[PDB]
Amino acid sequence: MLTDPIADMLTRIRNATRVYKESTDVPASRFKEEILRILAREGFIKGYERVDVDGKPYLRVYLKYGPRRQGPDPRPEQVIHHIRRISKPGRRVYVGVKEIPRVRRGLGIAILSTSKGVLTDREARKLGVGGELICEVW
Amino acid sequence: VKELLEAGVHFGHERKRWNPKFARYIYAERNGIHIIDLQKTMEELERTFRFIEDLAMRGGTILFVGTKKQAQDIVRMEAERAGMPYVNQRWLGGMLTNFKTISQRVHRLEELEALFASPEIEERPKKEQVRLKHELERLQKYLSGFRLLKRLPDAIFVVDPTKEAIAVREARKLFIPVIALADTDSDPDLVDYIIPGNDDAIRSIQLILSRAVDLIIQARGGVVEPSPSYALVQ
RNA sequence: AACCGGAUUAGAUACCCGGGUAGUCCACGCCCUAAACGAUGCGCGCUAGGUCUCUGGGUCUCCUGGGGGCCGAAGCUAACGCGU
RNA sequence: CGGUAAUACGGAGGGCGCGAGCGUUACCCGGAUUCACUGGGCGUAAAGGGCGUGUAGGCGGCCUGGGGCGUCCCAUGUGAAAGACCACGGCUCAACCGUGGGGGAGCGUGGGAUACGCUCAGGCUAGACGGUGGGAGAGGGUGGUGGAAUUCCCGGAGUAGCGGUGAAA
Ligand SMILES: [Mg+2]
Ligand SMILES: [Mg+2]
Ligand SMILES: [Mg+2]
Ligand SMILES: [Mg+2]
Ligand SMILES: [Mg+2]
C-alpha cells in the first residue's frame, strides 16, 4: 500500500540525488512539507514547491550538489551525503531532550518531531523538548 | 562567420546508438534521427573557445587526437597549421601516463635521423639499411605529431570521444583538461569542454576543428587563409 | 524394477543383447516427498538506456499498457554475478 | 617441534619478565558485531516454508475536528546506610579509615504541549474492489470423436531366414 510515506520521501531524495537529478516529485502531505522546510532552511536542498500532477498534489523538490570536480570521476560531491529513517512504523523511536543525538560532532542534522512541532536537534534542545526522532541528515 | 554554417550540414547526427547523458543537447528525434540543438552548440562553443584563447595566449600546448576515418587527415593538417602536436593513426597505451617511456621512442627515432644524415647515409651491414630504415617507418607513421610534444600537454582536443576514450581516461588521470567535439555517441560528463556537434560529417569535423585553429594563432597574430583542408571534400 | 536367460570381464550380482512380473492406464480412496530450482517468500514506492518477443489499446515511423528473454547507467556483491 | 648439525626435547652458559613471590589447573566477563537493541545474515558459503487460501496477530493513503492512552516538558515525593565517584582530613606513606560534596534511571503525585503513534466523529479519491465494452491462452472438470504407429487374430500372396552386436549368442 505504501507503508511509510516519510521514508518513501527520504528515499526518493536519496535515489534522485545519486543520479544527480535536478528535481523530484513526491506525493504531498503536510507532515512531508514540514520535514522539507527544515531540509531547505539548513541548505541541504534549494527548496520545494507544491504542484499538481494528474489532478493530484505532489511536492516538487529541488536538490543541490557541490561543484563539478577534478580528476577521473568529475561527479560532484553531494550536499546530502546521508539521509536515514530512525523512527519507523515497525519500531518507533522517541527521545527526551536529555538524550537527543549530536549528529557528526555538530556538522549534522537530526530532524525530530515534538509537541512544539517538527524541529532540528539544536532547535529542540534549546526549546528544551524531545520527541519521535524522525531521521538524520549529514 | 558561424551561425548558419553550423546548420549547413553539421547539426544533428545518429539514432538509438545514444547516450541518455546527452539528453540536454538535443532539439528532437524527428524522422527517426537525432537532431541536435544548435543554440546550445554556440553557448558551449564560446565557453570552449574562451578556454582555448586563454590557454593559447598564455602560450600553452593543446594535443590533438583524431584517429577515425574522416578525421585522420584533417587532423595532421590543422595540427600543424597551428604548430601543435597530434596523434593520428594509433593512440598508444600510456602516451600521457607512460609518457617518459613512450618518449624514448621519439628519443631514439631522431637518433636515426642522425643516421639518414651521416657518414652512414649509404653504409652499415646492408640488411640494417632496411631493418633500421624500416624500423623508422613505424616510428614515422605514429610519432608524427607526438615528436614535437616534449612535456605533458596543457589540454587535449578529441574528435570522437567515445571512439577515443582511452585517451580521455588518461587525460583525467593527470588532470589534463579535455576538449572534445562530442555527439550522441558520447558521455558529456567526462568531456571537460564540450563542442556538442556531429562527430562524423567531414564538413562538420572541418568547419569546427579548423576554426578552433584560427584562435590558436589569432592569439598571436598572422592568421592564414581558409587553409589546406578539403582532402577530397566530395 | 524384480526375475529368467545370452554376452563381456581377472571377476561382472553392471553397463550391451533376448524375454519378463509388479508397475505404468481408468475408477474410487490413501501416502505428502523431491536438485517441489530462479537453489532468489509476498506486497508496495523509488532509481539511464538499448534489443528480440507474446498479448491488448491509440492519433498504428512508432506511442501506451500487461507478460517473456538478452545486454548492460547508478548502485550492490568475497567474487561469479544481479542490474525497472 | 623430534627420522645424527634441533634457537621448539634434556643439561650447560647467557638472556628476557616478574620478584616474596612466580608458575599451573578450574570458573566468570573480555576480545566474539561469533544471538548482531546498540550491532549480523539467507542465488552459489549455515540459511526462503513445495504452492495456495486465509484465523489470530504485526503493519496502514490524503484533509479536518474532539479526546490526551502512547510520547515530550516542569514542579514535587521516593531512590536507607555501606559501596562507586570528587574533594579535604587520620594512622610516618599507602592499604585501611573518617568528614563533606556531587549525581541517577524506574515509580507515585500536581500541572502543561498535541507534531508523531493510538482512539472517536466527519469528509476526500491517487490504494483496493465493482460496472460496461473488448481480448489471448496445452488453466481445470465431463462427455464424445479422429488419424498415424506398434502388438495380436483372420484372409491373400510368398520362401528361408529374421532379429540382434563392437563381435556375437
Ligand atoms: Mg532388458
Ligand atoms: Mg557479545
Ligand atoms: Mg520457493
Ligand atoms: Mg494471504
Ligand atoms: Mg595524609
# chains A, B, ... in the order shown; residues from 1 in each chain; ligands from 1
call {"tool": "closest_atom_pairs", "arguments": {"of": "chain B", "to": "chain C", "cutoff": "8 Å", "atoms": "only C-alpha atoms (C1' of nucleotides)", "output": "CSV"}}
result
residue,atom,partner,partner_atom,distance
B:16,CA,C:50,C1',7.3
B:17,CA,C:50,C1',7.6
B:19,CA,C:49,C1',7.4
B:20,CA,C:48,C1',6.4
B:21,CA,C:48,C1',7.9
B:31,CA,C:61,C1',7.2
B:32,CA,C:61,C1',6.9
call {"tool": "write_last_selection", "arguments": {"atoms": "N, CA and C atoms", "output": "PDB file, in the first residue's frame"}}
result
ATOM      1  N   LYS B  16      19.454   6.115 -31.791  1.00  0.00           N
ATOM      2  CA  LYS B  16      19.329   4.968 -30.860  1.00  0.00           C
ATOM      3  C   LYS B  16      20.594   4.107 -30.770  1.00  0.00           C
ATOM      4  N   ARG B  17      21.724   4.800 -30.912  1.00  0.00           N
ATOM      5  CA  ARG B  17      23.076   4.333 -30.600  1.00  0.00           C
ATOM      6  C   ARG B  17      23.547   5.286 -29.491  1.00  0.00           C
ATOM      7  N   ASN B  19      23.578   7.980 -25.984  1.00  0.00           N
ATOM      8  CA  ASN B  19      23.790   8.071 -24.555  1.00  0.00           C
ATOM      9  C   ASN B  19      22.735   8.993 -23.938  1.00  0.00           C
ATOM     10  N   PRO B  20      21.978   8.483 -22.952  1.00  0.00           N
ATOM     11  CA  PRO B  20      20.958   9.376 -22.443  1.00  0.00           C
ATOM     12  C   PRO B  20      21.557  10.602 -21.746  1.00  0.00           C
ATOM     13  N   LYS B  21      22.823  10.538 -21.307  1.00  0.00           N
ATOM     14  CA  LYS B  21      23.507  11.697 -20.665  1.00  0.00           C
ATOM     15  C   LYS B  21      23.523  12.933 -21.582  1.00  0.00           C
ATOM     16  N   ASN B  31      11.859  12.238 -37.665  1.00  0.00           N
ATOM     17  CA  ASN B  31      12.198  11.406 -38.824  1.00  0.00           C
ATOM     18  C   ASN B  31      12.896  10.098 -38.422  1.00  0.00           C
ATOM     19  N   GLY B  32      12.989   9.854 -37.116  1.00  0.00           N
ATOM     20  CA  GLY B  32      13.746   8.724 -36.586  1.00  0.00           C
ATOM     21  C   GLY B  32      15.242   8.969 -36.391  1.00  0.00           C
TER      22      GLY B  32
END
call {"tool": "interface_residues", "arguments": {"of": "chain A", "to": "chain B", "cutoff": "12 Å", "atoms": "only C-alpha atoms", "output": "list in words"}}
result
residues 19, 20, 21, 68, 69, 70, 71, 72, 73, 74, 75 and 76 of chain A
call {"tool": "residues_near_ligand", "arguments": {"ligand": "ligand 3", "cutoff": "9 Å", "atoms": "only C-alpha atoms (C1' of nucleotides) and all ligand atoms", "output": "list in words"}}
result
residues 36, 37, 38, 40 and 41 of chain C; 48, 49, 50 and 51 of chain D
call {"tool": "write_last_selection", "arguments": {"atoms": "N, CA, C and O atoms (P, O5', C5', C4', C3', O3' and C1' of nucleotides)", "output": "PDB file, in the first residue's frame"}}
result
ATOM      1  P     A C  36      13.673 -29.997  -8.315  1.00  0.00           P
ATOM      2  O5'   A C  36      13.355 -29.439  -6.845  1.00  0.00           O
ATOM      3  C5'   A C  36      12.284 -29.860  -5.959  1.00  0.00           C
ATOM      4  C4'   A C  36      10.983 -29.175  -6.308  1.00  0.00           C
ATOM      5  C3'   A C  36      10.633 -27.879  -5.570  1.00  0.00           C
ATOM      6  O3'   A C  36      11.047 -26.732  -6.336  1.00  0.00           O
ATOM      7  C1'   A C  36       8.863 -29.436  -5.356  1.00  0.00           C
ATOM      8  P     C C  37      11.110 -25.226  -5.725  1.00  0.00           P
ATOM      9  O5'   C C  37      12.261 -24.559  -6.601  1.00  0.00           O
ATOM     10  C5'   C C  37      11.913 -23.925  -7.849  1.00  0.00           C
ATOM     11  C4'   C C  37      13.112 -23.784  -8.755  1.00  0.00           C
ATOM     12  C3'   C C  37      13.162 -24.752  -9.929  1.00  0.00           C
ATOM     13  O3'   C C  37      13.638 -24.091 -11.095  1.00  0.00           O
ATOM     14  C1'   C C  37      15.124 -24.956  -8.619  1.00  0.00           C
ATOM     15  P     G C  38      12.723 -23.006 -11.829  1.00  0.00           P
ATOM     16  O5'   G C  38      13.568 -21.669 -11.670  1.00  0.00           O
ATOM     17  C5'   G C  38      14.832 -21.556 -12.372  1.00  0.00           C
ATOM     18  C4'   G C  38      15.717 -20.532 -11.713  1.00  0.00           C
ATOM     19  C3'   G C  38      16.129 -20.870 -10.280  1.00  0.00           C
ATOM     20  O3'   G C  38      17.387 -20.331  -9.913  1.00  0.00           O
ATOM     21  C1'   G C  38      15.068 -18.799 -10.314  1.00  0.00           C
ATOM     22  P     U C  40      15.065 -20.725  -4.769  1.00  0.00           P
ATOM     23  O5'   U C  40      15.799 -19.320  -4.550  1.00  0.00           O
ATOM     24  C5'   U C  40      15.693 -18.635  -3.265  1.00  0.00           C
ATOM     25  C4'   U C  40      15.543 -17.135  -3.391  1.00  0.00           C
ATOM     26  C3'   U C  40      14.260 -16.652  -4.056  1.00  0.00           C
ATOM     27  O3'   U C  40      13.795 -15.388  -3.614  1.00  0.00           O
ATOM     28  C1'   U C  40      16.093 -15.839  -5.237  1.00  0.00           C
ATOM     29  P     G C  41      13.127 -15.198  -2.174  1.00  0.00           P
ATOM     30  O5'   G C  41      11.570 -15.252  -2.496  1.00  0.00           O
ATOM     31  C5'   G C  41      10.902 -16.506  -2.557  1.00  0.00           C
ATOM     32  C4'   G C  41       9.644 -16.470  -1.736  1.00  0.00           C
ATOM     33  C3'   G C  41       8.739 -15.289  -2.022  1.00  0.00           C
ATOM     34  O3'   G C  41       8.033 -15.552  -3.234  1.00  0.00           O
ATOM     35  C1'   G C  41       8.955 -15.619   0.323  1.00  0.00           C
TER      36        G C  41
ATOM     37  P     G D  48      16.621 -22.832   3.401  1.00  0.00           P
ATOM     38  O5'   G D  48      16.720 -21.489   2.556  1.00  0.00           O
ATOM     39  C5'   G D  48      15.815 -20.402   2.782  1.00  0.00           C
ATOM     40  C4'   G D  48      14.439 -20.747   2.278  1.00  0.00           C
ATOM     41  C3'   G D  48      14.249 -20.754   0.773  1.00  0.00           C
ATOM     42  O3'   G D  48      12.964 -21.227   0.404  1.00  0.00           O
ATOM     43  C1'   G D  48      13.235 -18.831   1.662  1.00  0.00           C
ATOM     44  P     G D  49      12.527 -22.763   0.512  1.00  0.00           P
ATOM     45  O5'   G D  49      11.333 -22.726   1.561  1.00  0.00           O
ATOM     46  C5'   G D  49      11.557 -22.745   2.979  1.00  0.00           C
ATOM     47  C4'   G D  49      10.543 -23.664   3.596  1.00  0.00           C
ATOM     48  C3'   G D  49       9.523 -24.193   2.596  1.00  0.00           C
ATOM     49  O3'   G D  49       8.983 -25.420   3.045  1.00  0.00           O
ATOM     50  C1'   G D  49       8.458 -22.751   4.111  1.00  0.00           C
ATOM     51  P     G D  50       9.161 -26.742   2.190  1.00  0.00           P
ATOM     52  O5'   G D  50       8.581 -26.338   0.769  1.00  0.00           O
ATOM     53  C5'   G D  50       9.475 -26.148  -0.326  1.00  0.00           C
ATOM     54  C4'   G D  50       8.677 -26.200  -1.587  1.00  0.00           C
ATOM     55  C3'   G D  50       7.521 -25.209  -1.638  1.00  0.00           C
ATOM     56  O3'   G D  50       7.892 -23.937  -2.177  1.00  0.00           O
ATOM     57  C1'   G D  50       6.718 -27.371  -2.107  1.00  0.00           C
ATOM     58  P     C D  51       7.167 -22.575  -1.688  1.00  0.00           P
ATOM     59  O5'   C D  51       5.673 -22.670  -2.241  1.00  0.00           O
ATOM     60  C5'   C D  51       5.459 -22.639  -3.659  1.00  0.00           C
ATOM     61  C4'   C D  51       3.997 -22.642  -4.044  1.00  0.00           C
ATOM     62  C3'   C D  51       3.058 -21.717  -3.295  1.00  0.00           C
ATOM     63  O3'   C D  51       3.247 -20.391  -3.784  1.00  0.00           O
ATOM     64  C1'   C D  51       2.039 -23.814  -3.555  1.00  0.00           C
TER      65        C D  51
END
call {"tool": "residues_near_ligand", "arguments": {"ligand": "ligand 1", "cutoff": "10 Å", "atoms": "only C-alpha atoms (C1' of nucleotides) and all ligand atoms", "output": "PyMOL selection string"}}
result
chain C and resi 16-20
call {"tool": "interface_residues", "arguments": {"of": "chain D", "to": "chain A", "cutoff": "7 Å", "atoms": "only C-alpha atoms (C1' of nucleotides)", "output": "count of residues only"}}
result
10
call {"tool": "interface_residues", "arguments": {"of": "chain C", "to": "chain A", "cutoff": "10 Å", "atoms": "only C-alpha atoms (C1' of nucleotides)", "output": "PDB file with N, CA and C atoms (P, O5', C5', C4', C3', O3' and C1' of nucleotides), in the first residue's frame"}}
result
ATOM      1  P     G C  43       3.921 -10.519  -5.137  1.00  0.00           P
ATOM      2  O5'   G C  43       3.545  -9.167  -4.411  1.00  0.00           O
ATOM      3  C5'   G C  43       2.237  -9.078  -3.890  1.00  0.00           C
ATOM      4  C4'   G C  43       2.143  -7.843  -3.064  1.00  0.00           C
ATOM      5  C3'   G C  43       2.723  -6.575  -3.663  1.00  0.00           C
ATOM      6  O3'   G C  43       1.899  -5.998  -4.668  1.00  0.00           O
ATOM      7  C1'   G C  43       3.308  -6.696  -1.399  1.00  0.00           C
ATOM      8  P     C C  44       2.564  -5.290  -5.946  1.00  0.00           P
ATOM      9  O5'   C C  44       2.984  -3.864  -5.390  1.00  0.00           O
ATOM     10  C5'   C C  44       1.922  -3.016  -4.961  1.00  0.00           C
ATOM     11  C4'   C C  44       2.419  -1.935  -4.054  1.00  0.00           C
ATOM     12  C3'   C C  44       3.471  -1.024  -4.628  1.00  0.00           C
ATOM     13  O3'   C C  44       2.803  -0.151  -5.518  1.00  0.00           O
ATOM     14  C1'   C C  44       4.063  -1.570  -2.435  1.00  0.00           C
ATOM     15  P     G C  45       3.563   0.454  -6.784  1.00  0.00           P
ATOM     16  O5'   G C  45       4.562   1.521  -6.154  1.00  0.00           O
ATOM     17  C5'   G C  45       4.070   2.803  -5.729  1.00  0.00           C
ATOM     18  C4'   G C  45       5.155   3.586  -5.048  1.00  0.00           C
ATOM     19  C3'   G C  45       6.360   3.885  -5.918  1.00  0.00           C
ATOM     20  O3'   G C  45       6.104   4.920  -6.857  1.00  0.00           O
ATOM     21  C1'   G C  45       7.102   3.093  -3.832  1.00  0.00           C
ATOM     22  P     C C  46       6.961   5.005  -8.231  1.00  0.00           P
ATOM     23  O5'   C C  46       8.457   5.279  -7.750  1.00  0.00           O
ATOM     24  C5'   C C  46       8.927   6.607  -7.519  1.00  0.00           C
ATOM     25  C4'   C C  46      10.304   6.573  -6.922  1.00  0.00           C
ATOM     26  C3'   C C  46      11.418   6.253  -7.892  1.00  0.00           C
ATOM     27  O3'   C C  46      11.803   7.430  -8.559  1.00  0.00           O
ATOM     28  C1'   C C  46      11.681   4.911  -5.988  1.00  0.00           C
ATOM     29  P     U C  47      11.997   7.396 -10.133  1.00  0.00           P
ATOM     30  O5'   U C  47      13.471   6.814 -10.285  1.00  0.00           O
ATOM     31  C5'   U C  47      14.587   7.694 -10.242  1.00  0.00           C
ATOM     32  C4'   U C  47      15.810   6.876 -10.025  1.00  0.00           C
ATOM     33  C3'   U C  47      16.321   6.113 -11.229  1.00  0.00           C
ATOM     34  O3'   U C  47      17.025   6.882 -12.177  1.00  0.00           O
ATOM     35  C1'   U C  47      16.220   4.635  -9.419  1.00  0.00           C
ATOM     36  P     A C  48      16.351   7.193 -13.593  1.00  0.00           P
ATOM     37  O5'   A C  48      16.150   5.770 -14.281  1.00  0.00           O
ATOM     38  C5'   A C  48      17.241   5.076 -14.908  1.00  0.00           C
ATOM     39  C4'   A C  48      17.764   5.851 -16.096  1.00  0.00           C
ATOM     40  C3'   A C  48      17.258   5.428 -17.469  1.00  0.00           C
ATOM     41  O3'   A C  48      16.023   6.027 -17.833  1.00  0.00           O
ATOM     42  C1'   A C  48      19.603   5.582 -17.518  1.00  0.00           C
ATOM     43  P     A C  73      27.394  -0.934 -17.235  1.00  0.00           P
ATOM     44  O5'   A C  73      26.929   0.571 -17.007  1.00  0.00           O
ATOM     45  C5'   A C  73      25.692   1.069 -17.548  1.00  0.00           C
ATOM     46  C4'   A C  73      25.465   2.492 -17.097  1.00  0.00           C
ATOM     47  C3'   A C  73      25.866   2.814 -15.659  1.00  0.00           C
ATOM     48  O3'   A C  73      27.203   3.301 -15.573  1.00  0.00           O
ATOM     49  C1'   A C  73      23.693   3.656 -16.107  1.00  0.00           C
ATOM     50  P     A C  74      28.100   3.090 -14.233  1.00  0.00           P
ATOM     51  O5'   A C  74      27.115   3.551 -13.071  1.00  0.00           O
ATOM     52  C5'   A C  74      26.948   4.938 -12.755  1.00  0.00           C
ATOM     53  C4'   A C  74      25.925   5.157 -11.656  1.00  0.00           C
ATOM     54  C3'   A C  74      26.170   4.419 -10.353  1.00  0.00           C
ATOM     55  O3'   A C  74      27.176   5.093  -9.613  1.00  0.00           O
ATOM     56  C1'   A C  74      23.880   4.257 -10.951  1.00  0.00           C
ATOM     57  P     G C  75      28.343   4.259  -8.859  1.00  0.00           P
ATOM     58  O5'   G C  75      27.541   3.424  -7.754  1.00  0.00           O
ATOM     59  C5'   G C  75      26.688   4.018  -6.735  1.00  0.00           C
ATOM     60  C4'   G C  75      25.650   3.020  -6.237  1.00  0.00           C
ATOM     61  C3'   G C  75      26.141   1.703  -5.619  1.00  0.00           C
ATOM     62  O3'   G C  75      26.568   1.753  -4.244  1.00  0.00           O
ATOM     63  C1'   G C  75      24.473   1.226  -7.226  1.00  0.00           C
TER      64        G C  75
END
call {"tool": "residues_near_ligand", "arguments": {"ligand": "ligand 5", "cutoff": "9 Å", "atoms": "only C-alpha atoms (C1' of nucleotides) and all ligand atoms", "output": "PyMOL selection string"}}
result
chain D and resi 89-90+93
call {"tool": "select_by_dssp", "arguments": {"residues": "chain A", "states": "helix (DSSP H, G or I)", "output": "MDAnalysis selection string"}}
result
chainID A and resid 5:18 30:41 97:99 103:106 121:126
call {"tool": "write_last_selection", "arguments": {"atoms": "C-alpha atoms", "output": "PDB file, in the first residue's frame"}}
result
ATOM      1  CA  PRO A   5       5.431   7.890   3.374  1.00  0.00           C
ATOM      2  CA  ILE A   6       8.111   9.716   5.293  1.00  0.00           C
ATOM      3  CA  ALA A   7      10.659   7.017   4.403  1.00  0.00           C
ATOM      4  CA  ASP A   8       9.498   6.897   0.825  1.00  0.00           C
ATOM      5  CA  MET A   9      10.249  10.550   0.584  1.00  0.00           C
ATOM      6  CA  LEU A  10      13.533  10.267   2.473  1.00  0.00           C
ATOM      7  CA  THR A  11      14.442   7.701  -0.153  1.00  0.00           C
ATOM      8  CA  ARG A  12      13.115   9.387  -3.305  1.00  0.00           C
ATOM      9  CA  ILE A  13      15.565  12.082  -2.280  1.00  0.00           C
ATOM     10  CA  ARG A  14      18.371   9.568  -1.655  1.00  0.00           C
ATOM     11  CA  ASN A  15      17.743   7.965  -5.071  1.00  0.00           C
ATOM     12  CA  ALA A  16      17.369  11.116  -7.227  1.00  0.00           C
ATOM     13  CA  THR A  17      20.381  12.791  -5.653  1.00  0.00           C
ATOM     14  CA  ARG A  18      22.582   9.746  -6.547  1.00  0.00           C
ATOM     15  CA  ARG A  30       1.539  18.333   5.497  1.00  0.00           C
ATOM     16  CA  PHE A  31       4.000  16.361   7.567  1.00  0.00           C
ATOM     17  CA  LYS A  32       6.013  15.791   4.407  1.00  0.00           C
ATOM     18  CA  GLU A  33       6.029  19.580   3.772  1.00  0.00           C
ATOM     19  CA  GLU A  34       7.436  20.184   7.244  1.00  0.00           C
ATOM     20  CA  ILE A  35      10.462  17.990   7.051  1.00  0.00           C
ATOM     21  CA  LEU A  36      11.242  19.703   3.709  1.00  0.00           C
ATOM     22  CA  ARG A  37      11.406  23.210   5.290  1.00  0.00           C
ATOM     23  CA  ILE A  38      13.988  22.062   7.829  1.00  0.00           C
ATOM     24  CA  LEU A  39      15.786  20.462   4.944  1.00  0.00           C
ATOM     25  CA  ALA A  40      15.604  23.701   2.944  1.00  0.00           C
ATOM     26  CA  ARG A  41      16.422  26.017   5.894  1.00  0.00           C
ATOM     27  CA  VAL A  97      15.778  16.411  25.396  1.00  0.00           C
ATOM     28  CA  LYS A  98      18.419  14.792  27.632  1.00  0.00           C
ATOM     29  CA  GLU A  99      19.061  12.009  25.029  1.00  0.00           C
ATOM     30  CA  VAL A 103      24.942  14.156  14.602  1.00  0.00           C
ATOM     31  CA  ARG A 104      28.549  14.268  13.464  1.00  0.00           C
ATOM     32  CA  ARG A 105      30.062  16.480  16.177  1.00  0.00           C
ATOM     33  CA  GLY A 106      27.831  19.347  15.016  1.00  0.00           C
ATOM     34  CA  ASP A 121      18.133  18.845  17.299  1.00  0.00           C
ATOM     35  CA  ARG A 122      19.619  22.209  18.390  1.00  0.00           C
ATOM     36  CA  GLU A 123      16.235  23.897  17.933  1.00  0.00           C
ATOM     37  CA  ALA A 124      14.581  21.193  20.116  1.00  0.00           C
ATOM     38  CA  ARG A 125      17.463  21.229  22.608  1.00  0.00           C
ATOM     39  CA  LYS A 126      17.223  24.974  23.068  1.00  0.00           C
TER      40      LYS A 126
END
call {"tool": "residues_around", "arguments": {"residues": "residue 234 in chain B", "least_positions_apart": "2", "cutoff": "12 Å", "atoms": "only C-alpha atoms (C1' of nucleotides)", "output": "VMD selection string"}}
result
chain B and resid 70 201 to 203 230 to 232
call {"tool": "write_last_selection", "arguments": {"atoms": "N, CA, C and O atoms", "output": "PDB file, in the first residue's frame"}}
result
ATOM      1  N   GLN B  70      37.191   9.804 -40.932  1.00  0.00           N
ATOM      2  CA  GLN B  70      37.040  11.135 -41.543  1.00  0.00           C
ATOM      3  C   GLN B  70      37.872  12.250 -40.874  1.00  0.00           C
ATOM      4  O   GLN B  70      37.934  13.381 -41.380  1.00  0.00           O
ATOM      5  N   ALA B 201      30.362  13.749 -39.832  1.00  0.00           N
ATOM      6  CA  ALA B 201      30.408  14.564 -41.054  1.00  0.00           C
ATOM      7  C   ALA B 201      31.753  15.287 -41.190  1.00  0.00           C
ATOM      8  O   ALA B 201      32.176  16.010 -40.288  1.00  0.00           O
ATOM      9  N   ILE B 202      32.411  15.083 -42.330  1.00  0.00           N
ATOM     10  CA  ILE B 202      33.740  15.663 -42.598  1.00  0.00           C
ATOM     11  C   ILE B 202      33.628  17.189 -42.738  1.00  0.00           C
ATOM     12  O   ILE B 202      34.541  17.935 -42.381  1.00  0.00           O
ATOM     13  N   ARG B 203      32.489  17.630 -43.257  1.00  0.00           N
ATOM     14  CA  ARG B 203      32.147  19.044 -43.326  1.00  0.00           C
ATOM     15  C   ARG B 203      32.235  19.612 -41.923  1.00  0.00           C
ATOM     16  O   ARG B 203      32.917  20.615 -41.689  1.00  0.00           O
ATOM     17  N   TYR B 230      40.534  20.253 -47.465  1.00  0.00           N
ATOM     18  CA  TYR B 230      39.345  19.775 -48.198  1.00  0.00           C
ATOM     19  C   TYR B 230      39.677  18.460 -48.883  1.00  0.00           C
ATOM     20  O   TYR B 230      39.304  18.249 -50.039  1.00  0.00           O
ATOM     21  N   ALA B 231      40.331  17.574 -48.123  1.00  0.00           N
ATOM     22  CA  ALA B 231      41.140  16.443 -48.640  1.00  0.00           C
ATOM     23  C   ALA B 231      40.717  15.889 -50.015  1.00  0.00           C
ATOM     24  O   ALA B 231      41.516  15.842 -50.959  1.00  0.00           O
ATOM     25  N   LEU B 232      39.472  15.430 -50.090  1.00  0.00           N
ATOM     26  CA  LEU B 232      38.769  15.197 -51.351  1.00  0.00           C
ATOM     27  C   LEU B 232      37.310  15.525 -51.045  1.00  0.00           C
ATOM     28  O   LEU B 232      36.420  14.718 -51.320  1.00  0.00           O
TER      29      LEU B 232
END
